[PDB]
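Heads up: the structure comes next, in structure tokens.
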């Protein structure tokens, strides 16, 4: 019974480049919670078309 | 409301993919007569993809005719021979292509026609040893030839 | 994936040639038609995390 | 020490999907599965970019 197949993929992982050398900490990006409620300062969005 | 009627949905057609099997494991299929007593048009209703375990009559007047396996009768449980992956039209063919050795997910094995699709049927898992389906992952494994 | 229909024939084939029961005879009418496929542009991909 | 990962998935097209798959509102000879394989190929490429 004739069939047909396709396989696909890769190898990898994201590497952090910089590290501190005196202590071994990392500081390049950080997050923050600045606004408690700010959805009121935003226009509404149209809904999804479930056809 | 009276002289002008607005838009209104008439039709709705949805279309799915097929039931995926493993490439690495293999396929083996042998075509069988369909048992005319069971209502086959119920088993091929919905557009969702499914697959269902099939047991063969060992003997009797309909020896060779295959029917969907009932999970209540042990003489229908022991003689299971395979599972129809794709789907079929009994209004044009009494001879379905039963697959004997394949590897189908748990999501796409529905032994009842009114059981909800895309959801694992539980009575197949609670009869996994009698039906000789080994579960190792999501994907089932069965070789009824050996 | 798409539902593999032919676009310029589905609208021509949806209607029925029975069409008797309104006035008990076939009325006249004029029909124009249109097709527009829809998909939300708000499910955007992330274009920042490959600049990092 | 760093170490990468591995990623694969696959497709199968059966014999009665390849052999006959027609248009729904048209009657053409069976050659439609080529576009279906093209869409699944592009979808697996997008799936790797999603990872």
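Protein chains in written order, with PDB author numbering: chain R, 359 to 409; chain F, 1 to 146; chain Y, 1 to 52; chain Z, 104 to 154.
Think of the CB as a built atom: it goes at the ideal place given N, C-alpha and C, for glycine as much as any other residue.
| Asked | Found |
| --- | --- |
| With 16 other Cβ atoms within 10 Å as the buried cut-off, status of residue 121 of chain F | buried |
| Short Cβ contact (9 Å threshold) for residue 18 of chain F with residue 117 of chain F | no |
| For residue 145 of chain Z, the three-state DSSP class (helix, strand or coil) | helix |
| DSSP-derived helix/strand/coil call for residue 112 of chain Z | strand |
| Helix, strand or coil at residue 140 of chain Z [DSSP, three-state] | helix |
| Status (buried if at least 16 other CB within 10 Å, exposed otherwise) for residue 144 of chain Z | exposed |
| Run of the beta strand (DSSP E) containing residue 364 of chain R, from where it starts to where it stops | 362-370 |
| Through-space distance from residue 407 of chain R to residue 141 of chain Z, alpha-carbon basis | 26 Å |
| Beta-carbon neighbours of residue 15 of chain F, restricted to chain Y and to distances below 7 Å | 3 |
| Contact set between the segment 119-138 of chain Z and chain R, restricted to residues whose Cβ is under 7 Å from the partner | 121 |
| Best match in Z:116, Z:132 and Z:154 for proximity to residue 360 of chain R [C-alpha to C-alpha] | Z:116 |
| Rounded straight-line distance, which links the Cα of residue 376 of chain R to that of residue 362 of chain R | 45 Å |
| Beta carbon proximity, residue 142 of chain Z to chain Y, threshold 9 Å | yes |
| Whole-angstrom distance between residue 48 of chain Y and residue 40 of chain F, CA atom to CA atom | 53 Å |
| Nearest candidate by alpha-carbon position, reference residue 52 of chain F, set F:15, F:79, F:99 and F:29 | F:99 |
| C-beta neighbour in chain Z for residue 20 of chain F, strict 9 Å | yes |
| Status (buried if at least 16 other CB within 10 Å, exposed otherwise) for residue 55 of chain F | buried |
| Contacts that residue 113 of chain Z makes with chain F (C-beta to C-beta distance below 9 Å) | 20, 22, 23 and 24 |
| Chain Y contact for residue 146 of chain Z (CB, 9 Å cutoff) | yes |
| DSSP bridge partner residues for residue 56 of chain F (one or two, in chain order) | F:66 |
| C-beta contact flag for residue 96 of chain F and residue 142 of chain F at 9 Å | no |
| Rounded straight-line distance, which links the Cα of residue 113 of chain F to that of residue 42 of chain F | 6 Å |
| Cβ separation of residue 127 of chain Z and residue 3 of chain Y, assumed to be a contact under 8 Å, to the nearest whole Å | 7 Å |
| Alpha-carbon to alpha-carbon, residue 26 of chain F and residue 399 of chain R | 58 Å |
| Local conformation of residue 406 of chain R per DSSP, three classes | coil |
| Residue(s) in a DSSP beta bridge with residue 139 of chain F | F:105 |
| Bridge partners - residue 29 of chain F, DSSP secondary structure assignment | F:99 |
| Residues that residue 359 of chain R contacts on chain F, provided the C-beta gap is smaller than 7 Å | 27 and 29 |
| Counted within 10 angstroms of its Cβ, other Cβ atoms place residue 68 of chain F as buried (16 or more) or exposed | buried |
| CA-to-CA distance, residue 34 of chain Y to residue 10 of chain F, given in whole angstroms | 15 Å |
| Beta-bridge pairing of residue 151 of chain Z - partner residues as DSSP gives them | Note: residue 151 of chain Z sits in no beta bridge, so no partner. |
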